[PDB]
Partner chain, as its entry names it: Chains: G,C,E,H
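Take a look at this one chain, the form deposited without the partner chain, written out in structure tokens.
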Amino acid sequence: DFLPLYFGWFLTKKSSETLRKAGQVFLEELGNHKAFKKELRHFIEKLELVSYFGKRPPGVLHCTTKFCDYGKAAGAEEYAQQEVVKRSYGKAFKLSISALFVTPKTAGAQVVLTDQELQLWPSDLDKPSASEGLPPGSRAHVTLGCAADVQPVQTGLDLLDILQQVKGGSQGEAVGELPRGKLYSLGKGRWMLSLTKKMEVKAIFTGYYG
């Protein structure tokens, strides 16, 4: 038996719609913001970010736990064999999004996982060098878009990098108020919105087979 391409939480029709709509409003707003227009040189008339992030999920949004490549990825067998994964397979979850973000490479939403959902977060031996210093599960995100040259993999790395700055106290003071939250400028083309109300999205834990 081969494993899926990857396991993860796949958001319902309605919830994918809410998050997608919310990510796309952020993009028109960030692209229209004075603070962003000024720093556009450190990013790349106005730039239309919805177009910039041309490579979008075409259907339902998802939050990846463990990329398996059908069993070719390190720790895939390990992960899939866990009681918690088999038990959770096909179960419903509510995910909490705390922030939307943008970099020159990706646009995503930061997921904050409950301890129960953390039981489903992988515990691999090959761990990212930007992951260290952050709790397990900090990589948890939903990808909203990518630049032409970029793989959706980059979104997770982009998120860790951004939070590696937050833990360093390197976010600074907010440079704007969008209707949903406070806008931060991390430098190096990076931007974070901390949501006033975290949005709850519904999702099913299952496997995706390409």
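Positions refer to the first chain, counted from 1. Take the two forms, find the largest set of C-alpha atoms that superpose within 1.5 Å, and that set is the rigid core. Shifts are known only where both forms have a C-alpha.
This protein has a second form, the form solved in complex with the partner chain, left out of what is shown; the following refers to that one.
60 is the sole member of 175, 178, 60, 40 with a non-hydrogen atom lying within 4.5 angstroms of the partner chain in the deposited bound form. Using a 4.5 Å cutoff between non-hydrogen atoms, residue 53 counts as a contact of the partner chain in the deposited bound form.
At the 4.5 Å threshold, heavy atoms of residue 27 reach the partner chain in the deposited bound form. The partner chain is not drawn, but in the deposited bound form it has no heavy atom within 4.5 Å of residue 190. The partner chain is not shown here, but in the deposited bound form it comes within 4.5 Å of a heavy atom of residue 11. After superposition on the rigid core, displacement of the C-alpha of residue 83 between this form and the one not shown stays below 2 Å. After superposition on the rigid core, displacement of the C-alpha of residue 94 between this form and the one not shown stays below 2 Å. Residue 60 is among the residues whose C-alpha shifts by 2 Å or more between this form and the one not shown once the rigid core is aligned. Shown here is a form in which the CA atoms of residue 199 and residue 57 lie at least 3 Å closer together than they do in the deposited bound form.
One change in the deposited bound form concerns residue 57 and residue 11, whose Cα atoms lie at least 3 Å farther apart than in this form.
Considering only residues present in both forms and aligning them on the rigid core, one finds runs of three or more residues with C-alpha shifts of 2 angstroms or more between this form and the one not shown at 56 to 60, 124 to 127.
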